[PDB]
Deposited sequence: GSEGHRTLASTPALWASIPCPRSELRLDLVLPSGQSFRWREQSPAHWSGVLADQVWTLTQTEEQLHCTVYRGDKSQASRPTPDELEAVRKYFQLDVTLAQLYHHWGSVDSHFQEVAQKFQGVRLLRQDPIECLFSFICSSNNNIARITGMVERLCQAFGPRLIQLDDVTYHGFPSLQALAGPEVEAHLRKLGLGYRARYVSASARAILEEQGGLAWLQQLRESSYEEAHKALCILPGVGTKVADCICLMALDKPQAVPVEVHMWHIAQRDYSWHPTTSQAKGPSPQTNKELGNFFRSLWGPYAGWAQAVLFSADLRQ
């Protein structure tokens, strides 16, 4: 009853709503599609994870987004706490308006879009996003998810326990920068990326000015921000773009990897023109990225997510 992960049915008095149609958000389409790797559908249609340093379970109906929080006496979320949810899902950005525009300028996006509504971008914490994606290079979403999990249990603050699941907050810079962190990560199976995590944590804290240097990129320009990130070990154009798009408020950023290449070739018959190479390469990926921006506009990254997400789901 008062134990385990909650469900809307089981503990009615403990949930609160947020007007939000599925047309504007589909948890099942955004939470497991490679934006964040920390949400789990513990119960059908119920997703649990850490959001703004507290554990939440989310679930939706046709017109509402139901929220519950586990912090004191168990109670429904407060308006302020809920706002944190609204901010996390950038619910101010209207998806109907964006889909309309992308659809207007892209007959293909229109077709695909009809079947995959509610795919939007989560507004993630810079740090969690930096290291989670440092873990994403040359690797699949399933492993990535596990790695990030083991990483948070070993170095993140212990939050609360639900059933046999103990939640952890994402590790701090100091923690990741710690002595012997890499060796520990290797044992947790992060592979050669173990070194990137340790190295980037130290680089940020000991060479770039700390947390402030990262949190300052939100005011910077996509171009600036992207160049800065690339300095860090294990962070290339692709990783940098994900961070730009998902944590640094650069909605025009478009991550180019195997998925978008297939899409570009199969659905747009795209080919590199200025670049030197015919296949994937630093020059061509950059070009593909430009192609998508000119096609979709300032929120290309968000559009990219729609097709990217609808691709995984097929």
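Visitor: In sequence order, name the stretches of the deposited sequence that have no C-alpha in these coordinates.
Guide: Counting from residue 1, the one stretch without coordinates is 72-74.
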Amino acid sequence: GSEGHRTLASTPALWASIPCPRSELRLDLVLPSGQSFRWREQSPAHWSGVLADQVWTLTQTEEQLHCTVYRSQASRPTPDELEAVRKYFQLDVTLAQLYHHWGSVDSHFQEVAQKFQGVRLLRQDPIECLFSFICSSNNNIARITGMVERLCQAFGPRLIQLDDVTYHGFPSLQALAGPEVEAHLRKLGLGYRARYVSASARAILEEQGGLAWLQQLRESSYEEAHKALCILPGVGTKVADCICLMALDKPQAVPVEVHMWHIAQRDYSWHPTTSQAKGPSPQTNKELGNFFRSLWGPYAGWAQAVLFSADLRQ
From here on, numbers count along this sequence of modelled residues.
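Visitor: Determine, for stretches 211-219 and 119-127, which one has the higher mean CA B-factor as deposited.
Guide: Result of the comparison: 211-219.
Visitor: Please compare 246-254 with 271-279 and say which has the higher mean C-alpha temperature factor in the record.
Guide: Higher of the two, by average CA B-factor, is 271-279.
Visitor: Among 147, 240, 74, 159, which carries the highest Cα B-factor?
Guide: Result of the comparison over 147, 240, 74, 159: 74.
Visitor: Compare the CA B factors listed in the entry for 35, 48, 284, 60 and report the winner.
Guide: If I rank 35, 48, 284, 60 by C-alpha B-factor, first place goes to 284.
Visitor: Ranking the modelled residues of this chain by C-alpha B-factor as given in the entry, is residue 178 in the lowest, middle or highest third?
Guide: For residue 178, the deposited C-alpha B-factor lands in the middle third.
Visitor: Which third of the chain does residue 295 land in by C-alpha B-factor: lowest, middle or highest?
Guide: Middle third, going by the recorded CA B-factors of the chain.
Visitor: Ranking the modelled residues of this chain by C-alpha B-factor as given in the entry, is residue 154 in the lowest, middle or highest third?
Guide: Answer is lowest: the recorded C-alpha B-factor places it there.
Visitor: How does the C-alpha B factor of residue 95 compare with the rest of the chain: lowest, middle or highest third?
Guide: Middle third by C-alpha B-factor.
Visitor: Residue 191's Cα B-factor: lowest, middle or highest third of the chain?
Guide: Middle third by C-alpha B-factor.
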